[PDB]
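Letters A, B, C, D and E mark the chains in the order given here, with residues in each chain numbered from 1 onward.
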């Protein structure tokens, strides 16, 4: 697999550096690398495909070396190099495509794709050129077992989940109290709502708490925290928990007061922020506690007084909310993002050829079900396929 | 780790073959391989332990080679040998304990316990003696990955589970119908029952079914299928499913007629045996679907007639049972047995030193919980510790 | 067949002993044997299959000898070893399957499977390596008789037969007396019942006797004898002898008094035990005579007196039972066990390919019918296929 | 006796390895060993038998050595080798029988059967070949001061005993409380019972306890623990303890709540498991202490209420049980098994020739009374006869 | 069950799949237990 990445790297460098008019001084080491690669790959026969509708393809390499005599590259050199390079790029593209479509319940990180298995032998170890990209670097580290880190922008650590709990319920759903939340992508939108606006609560302060469990610990994460959760701040009709009836939610957005966010790693306090909105940092954390309070206003103009009575109906429904974006983070295990395209590449390659639903992944490689159960076997296989997709992106888009 | 097995094998052969009076032709090759072990283990210092109560101990190797000129072993030869082999066996035993106790979640197959990590190095490749034991050769096949197979006498594949389902129920629990089963070790005892004796069932036939999902598919298994499950053939009182009340039932055992046993592999009907008791065999199966019927007896002696009335009371309750013993099987993944002492050795080594609960294994290695959820990382760690326990049991019984 | 076993043994020992870094002194003899195997099999053509769905295949051998100028084996040696040994293992697997799927009513010992028949020539005796396994050793001894014996753990020598006889009976089945039994696998469970509790028997003692006729003599057997046949100690309703009606059965378990167990060979008593339970032995026995008695208890507490009246009704029926497990034994002929998977392998190989039922074995290798009718031709064919499966299991699992 | 195991080892190896067509390199060292054995045994008059019905036999050896000038074994070679090997096998058989049929109160590990004394002589130490089998391995390790171990599958540690202790009784036997138990083989089956269903018990929870006292310690034992001991879950008519009257027993089986199992070595709690059925482990234990509670169900359907009244009659007796099977264990002292066949072998050899009842073993070698009192001298003699039985079984079956 | 235990030819298997009375009656004439048991099961299912 390191050899596969080296193949992709040398092909990309060849296609970017063997161009008309460039000096040999700029491509001498590249020509040496490419010649070593040619000498190694000559006289071999790889087979690729045979899973799903990805077609069988046989690759045979008999390509002559590249010249090492010209002071300054000219045309003909470029066309010879190119007629080699297109064949090699097609080979590597098909190898990566066939690798991304195979799983393994046991020994995930090891290669699949008998072509790639052959590449993983002792013969092809002389192709090792450079291991510079983030994914190959972390792959090398894990094989060299030690700390790994993937930096993400908007990591979708949070499986999609829209749901609510009620700490006070009636069959008529006239006087409720509780919390609602949407975790999605890198967003937590939580809203604590009371219909009585904390009439009988201790000191007219109603406490709300929401615990979110990341499936993998994030690290050095910039998080933007704002009040007034948007999605739960307008009229709504929500079905009851069992789905029998439906109830009405008619917000009036009080301030969230003395809020408190705790970022926790393995059940202990790692960071705490009280009444501190804007940009914050979570040093290293695996769970989030968002604890806030709906505090009744003691002073009211007649408008607010009419809004919040002491009586039975409770027409308008007090609530507060928090919005929490993970703008960026660092994770030890590979995850999908909004910047990278690796999940898109792997999912597209599976969908294009209609691979049968495999042993380990969920059907369709949907990220919500993939991440809600993110077992170590899935993590191994996911790192493998993501690394292969990143290798492929060096040549094919 | 193959190096560790080779060390165990060569030390065992030294303990066995190097005995007073034996011909030197019997042990020439063994002595040569022993000298290779000594010389290749010279100078390399090892550290073992430091987890739980297992004490940190340091090993250093500076030993002289066993003589070769002697044409017949005598007291001096064997006693110098035994002085060396005692220390070597102690080292191997501590390494095996240490690798048992430690655990990992990613890359479970690879070694832990830096003693074994260093042994996996390339310098210690010249100790590889031969890999003949079933566990070590399955390990070698997995490393060289191919189709591994373990022959298990009475595997405890089934999680412990005693329970029931009521397809007809009411708070008086006076007229019930349903199934009730025990799965334990290698035994499935399943009994369907009905209080009305299929009075109002169509054709006086009450169908019963039971689906038992193994976690790993057993290959070439021999199964003893008998009627009239024992544990569900005596009168007993059972707590309700809710756990509020308790209901009594008084079995009358009946012939289970047109019984069928299907053996499935991912919804793939692989074997079917209809009305055939005694020993049977399954080629390959991951689920067992038992089915049977309670047929009301069309002709009735007055005793049985009074026993089964058409009115409501139903003071005796008709039942039909089945008993399924997996006497032997072949499984790709490692499992505990009634014939093997690997789980016991690993658990004893963990308990004797009171290792803290790992990130992977369940607390105390309770087999029921370990096998209820038997994910591939857990399987990999289980195979590693089982193979280390085979290596240890070769010497320290 | 000795040649076939020698092939399997040398391939197994090659796969095990020829590993990286092993001294050539460890494997010199094995390499010599392997080279003899190569030279003997070289320049030949075998054909395997053509029955059922087992498809025809053709094997051709042109392999080079393994090197010998190496003091310590390295990786590049084991790769040539792979390329040879994998092909050889596949060839052996298909030969063994082909031999298992065939039959012959006459001269069944001589090999079927023209591939194996060719292997049984004169050019291939030079491959004979060593016949260490129990099955191959007994094959040699039987083919030139010395006294032989396979040691079996819990051998299923009985055929599955559960039934009952009534020494006394009525059309209304109010007052019965007789015996019931279940012989299954290595378990005999026999319960003699009397509905009058031996009220009118001579001296209030009723005598029960059960005869079990082994299909083949067992030697040095270990037998666990206990009282209280489990299967016949709960209420039942049983279809009558004619099948017209069903009769109720309601045990009350008295102990069996002066129980005698006689192990006989060819009509003469070899062993006899009286009131002995727990483990016992049977030297060399072909039949078991279990005699026991139902003695009406002289002194009777009010409860038991209420149980047993002197009038006809007899709501409760006295019974006394025995259980008998042949834990292990030694049989001159071959039988299935609970520790060995030979029968499972044979049946699975026949089932996967759907072989037409041949002259000798019953449909689907039904072990119950096969042991019920165990004529010498059937025995010889069974021994052949079992030893072939033993050979196959050394390499394929 | 090491010499005897050496003779048996080399003779089994000769019957195996020396066959037609084998290379001479396959058997060079074995032929050297055989020649050494022949030269040492030539011109030595041995005598065997002379006890019971074992006939006196005289053995003399003048045999030629096995030749070597060939380069691949042929038919004639194996003919002469067979002529020698059959005689030697007969000699070993007779020596083993003679040694098994003897005993000694003083110095039971020393060899009886003067042939074996002569073998123990200084001259014959030249024959000592190797010590590979488990039994001879343990024999050497205990002849020296080391720790031995025998792995057993279902060891019959328990001497057979079925009985009961009544903690409350009276002549009508209409209100009893106590426990019944059957220890047999590797099974414990203990059922506590109470006729009042813990009506008057303190907090309606009757505590039953049963302590089982092994005769020898066990190590790393897998134990299948299940509830609802089967064989005491159905009506019985049990004689009184003294044997005067007979009392009726009529179970209704509850569940044993808060079961606790303590495995104790020397009276200290080595292991403890609470309410954890299924497979468990005991790393070291000389006693097993089971303690379970019959709790009267607080809530109750009318049917169970009818079963259990507050008054005296008590026509149904509430019972709770536990089954505990030692599936596979390890012990420092030899025992009989379900797997091994040494007790049967020695007993058969003794009673075939009708050896007189000796001083140390019981009459007829019944395991129950052999293990009910298992003194050190009896242990030594049992170990000697068992190892010699293994020596015999290496050849003769 | 029937194909696995009693090895059947392509023609007989295809006709049994097609529910051909010719091969069904042929098998009952052979009197094999699997078919006998199934036909008896159906006749029992006709109990009303």
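We adopt the following convention: a contact is a pair of C-beta atoms (placed from the backbone, for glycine too) under 8 Å apart; a residue touches a chain by one contact, two chains touch by 3 or more.
Protein names from UniProt, one per chain: A, B, C, D = Intermediate capsid protein VP6.
Path length between chain A and chain E in the touching-chain graph (shortest route): 2.
Contact count check for C-E and B-D (C-beta pairs in contact): higher for B-D. Counted by residue number, the contact pairs of C-D are over half the same as those of B-D, the matching pair from B-D or A-B. Each chain gets a centre from the mean of its Cα atoms; for chain B and chain C, those two points are 23 Å apart. Taking each chain's centre as the average of its CA atoms, chain A and chain C sit 57 Å apart. In terms of their C-alpha centroids, the spacing between chain B and chain E amounts to 40 Å. Of all residues in chain D, those that touch two or more other chains are 153-154, 230, 234, 339. Multi-chain contact residues of chain E (touching two or more other chains) are listed as 4. If you sketch which chains touch which, the pattern fits none of the simple shapes: not an open path, not a single ring, not a star, and not all-to-all. A complete list of chain pairs in contact reads A-B, B-C, B-D, B-E, C-D, C-E. Residues 15-17, 19-23, 25-26, 28, 72, 86, 153-154, 156, 159-160, 162, 172-174, 182, 184-185, 230-231, 234-237, 239, 244-248, 336-341, 343-345, 347-348, 351-352, 365-368, 393, 396-397 of chain D are the ones touching chain C in the complex. Interface residues of chain B facing chain A in the complex, by the touch rule stated above, are 105-110, 142, 145, 375-377, 379-380. Across the complex, chain D is touched by residues 2, 28-29, 32-33, 36, 125-132, 137, 140, 146-151, 153-154, 219-222, 224, 226-228, 230, 233-234, 251-255, 271, 276-284, 297, 299-304, 307, 316, 318, 327-330, 339 of chain C. Contact residues of chain E toward chain B in the complex are 1, 4, 34, 37-38, 41, 44-45, 47-48. Every residue of chain E that touches chain C in the complex is listed here, in rising order: 3-9, 32.
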